[PDB]
Amino acid sequence: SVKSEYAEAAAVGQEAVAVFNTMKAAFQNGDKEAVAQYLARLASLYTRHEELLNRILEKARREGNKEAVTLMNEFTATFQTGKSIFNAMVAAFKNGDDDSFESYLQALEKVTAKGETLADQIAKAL
Ligand SMILES: N#CCc1c[nH]c2ccc(Cl)cc12
């Protein structure tokens, strides 16, 4: 169902959270080669998450689950903030700008939290 598909999306989102936290520790320890690999893996994981979230939203729309559509619309907006800041972080890494990377990483932790509160309601709504 859409509900089991959202559980699959949630796990993928949580796989990115785990990798992100591993990457943060690598950045702090100054392991740049590891960071580069983790950033590539994260991009793949976010692209997958986005794909799954869009299909779920489109399905909720076709099913007429108005409360779920409202919540998912809010979450897709938050997801795009994540995307914009993530891309900025990757650019900061490419440019050798550790100050911006630090800033963007702290910002993404805020986005993740505000997304998590929204994701928990979506699950209950589908
Ligand atoms: N939280 C977070 C990061 C993120 C959200 N949406 C994304 C879409 C694409 C890429 Cl590469 C990254 C992201």
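In the working numbering, the protein residues as written are -14 to 111. C-beta: ideal position from N, C-alpha, C; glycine also.
| query | result |
| --- | --- |
| Selected residue, minimal CA-CA separation from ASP105, among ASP84, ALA(-5), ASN72 | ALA(-5) |
| Same chain, Cβ closer than 7 angstroms to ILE70, five either side skipped, listed in chain order | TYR89, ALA92, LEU93, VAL96 |
| Residues near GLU0 in its chain [Cβ-Cβ closer than 6 angstroms; skip 5 each side] | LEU30 |
| Whether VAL(-13) touches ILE41 by CB criterion (8 angstroms) | yes |
| Given 8 angstroms, three or more beta-carbon pairs between the segment 70 to 79 and the segment 20 to 34 | yes |
| Collapsed DSSP secondary structure at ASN72 in the structure displayed | helix |
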